[PDB]
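A.B. asks: First, the structure itself, so that you have it in front of you.
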Amino acid sequence: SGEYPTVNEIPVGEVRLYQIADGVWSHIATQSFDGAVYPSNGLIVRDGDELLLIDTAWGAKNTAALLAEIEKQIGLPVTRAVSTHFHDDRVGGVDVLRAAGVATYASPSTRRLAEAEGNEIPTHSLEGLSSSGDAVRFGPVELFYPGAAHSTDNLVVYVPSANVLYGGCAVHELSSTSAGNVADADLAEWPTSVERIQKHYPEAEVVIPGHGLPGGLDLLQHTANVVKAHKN
Ligand SMILES: C[C@@H](c1cccc2c(-c3ccc(NS(C)(=O)=O)c(F)c3)c(C(=O)O)[nH]c12)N1CC(CN2CC(N)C2)OC1=O
Ligand SMILES: [Zn+2]
Ligand SMILES: [Zn+2]
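Mapping of the sequence shown onto the entry's author numbering: position 50 corresponds to residue 79, and the numbering continues sequentially without gaps.
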């Protein structure tokens, strides 16, 4: 009923959208992994009379449900998708998207990692993002490579019309008491990567983590703090 939708509020398989700003939504779904249930976020950005999707809904059936929810709530076609790293909460569902007419994109680093891991593989490669601090335009967003953090390939996404910073899994929510799933992380470089984000997007008004509740710029410093303490 208007609050940001939370893990115990979303059955696995269902998707909810949350309006962030004019022409910007997050999508929220839940999935089981190693016997526990987790929420995850993605982004939807209006691109004229089309939509740009950022990240799948973590699984094939969740992603089909995402497309249905978008049709119900927004009613514009998803034409392109970008996955912000190689893990299943970002690319699982790419095959569904690809069969629903959506052109799927990721950096070459993400595509390689996804292939090597046996995850679904976006079709198109996003060049121009291989060095930390690189930025490129993609429809109504800017894609930014901050450096290694949650993963070596993680990208963040900025919506300049709305000053929305979608951190993906490089950014944690304010309630986080740990650094999430760090299997593929670079705990030593992560704070440096976060500092790059802070420097590059000082006017962000909303910051959206890969999992959990949006907030403001404080999510960035909080993330650095939880990662440094996890490393320590
Ligand atoms: C698919 C993905 C994955 C699965 C399950 C949970 C999470 C979590 C996660 C956990 C706790 C919290 N809450 S918190 C900050 O602790 O308070 C959180 F916000 C997120 C994250 C994240 O942190 O982004 N991601 C997850 N995977 C898989 C994976 C490594 N598997 C070995 C093989 N290489 C792939 O690595 C990863 O990320
Ligand atoms: Zn991940
Ligand atoms: Zn994640």
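The beta-carbon is built from N, C-alpha and C at its ideal position, and this holds for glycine as well.
With a threshold of 7 Å on Cβ separation, who are the neighbours of residue 90 within its own chain once the five nearest residues in sequence on each side are excluded?
C.D. replies: Reading the sequence shown from its first residue, position 61 is the one you call residue 90. Same-chain partners within the cutoff: 42.
A.B. asks: On the premise that residue 148 lies in contact with residue 117, defined as a C-beta separation below 8 Å, what is that separation, rounded to the nearest angstrom?
C.D. replies: Counted from its first residue, the sequence shown places residue 117 at position 88. Counted from its first residue, the sequence shown places residue 148 at position 119. Yes, residue 117 and residue 148 are in contact; Cβ-Cβ is about 6 Å, under 8 Å.
A.B. asks: In this structure, how does DSSP classify residue 85 when only helix, strand and coil are distinguished?
C.D. replies: The sequence position of residue 85 within the sequence shown is 56, counting from 1. Here residue 85 sits in coil by DSSP.
A.B. asks: Pick helix, strand or coil for residue 131, following the three-state DSSP scheme.
C.D. replies: On the sequence shown, residue 131 is found 102 positions in, with the first residue counted as 1. Of the three classes helix, strand and coil, the one that applies to residue 131 here is coil, per DSSP.
A.B. asks: Can you find at least 3 beta carbon pairs, one from the region 175-190 and one from the region 203-217, that sit closer than 8 Å?
C.D. replies: yes
A.B. asks: Pick out whichever of 196, 210, 189 has its Cα sitting closest to the Cα of residue 224.
C.D. replies: Start at 1 with the first residue of the sequence shown, and residue 224 comes out as number 195. The residue among 196, 210, 189 with its C-alpha nearest the C-alpha of residue 224 is 196.
A.B. asks: Compare the Cα-Cα distances from residue 139 to each of 121, 130, 100 and report the closest residue.
C.D. replies: Taking the sequence shown and counting its residues from 1, one reaches residue 139 at position 110. The candidate whose alpha carbon is nearest that of residue 139 is 121.
A.B. asks: Alpha carbon to alpha carbon, what distance is there between residue 109 and residue 134?
C.D. replies: Taking the sequence shown and counting its residues from 1, the one referred to as residue 134 is at position 105. Taking the sequence shown and counting its residues from 1, the one referred to as residue 109 is at position 80. Those two C-alpha atoms are separated by around 8 Å.
A.B. asks: Would you decide whether residue 162 is buried or exposed? Buried here means 16 or more other CB atoms lie within 10 Å of its CB.
C.D. replies: By one-based count along the sequence shown, residue 162 stands at place 133. Counting C-beta atoms within 10 angstroms of its own C-beta, residue 162 has fewer than 16 neighbours from the protein chains shown and is therefore classed as exposed.
A.B. asks: Out of 186, 160, 155, 157, point me to the one whose CA is closest to residue 170's CA.
C.D. replies: Walking along the sequence shown from the start, residue 170 turns up at place 141. Checking every option, the nearest Cα to that of residue 170 belongs to 186.
A.B. asks: Just the Cα atoms here: how many angstroms apart are residue 199 and residue 238?
C.D. replies: Your numbering for residue 199 matches position 170 in the sequence shown. Your numbering for residue 238 matches position 209 in the sequence shown. Going from the Cα of residue 199 to the Cα of residue 238 covers about 8 Å.
A.B. asks: Under three-state DSSP, which class holds residue 256?
C.D. replies: Within the sequence shown, numbered from 1, the residue matching residue 256 stands at position 227. Helix, per DSSP.
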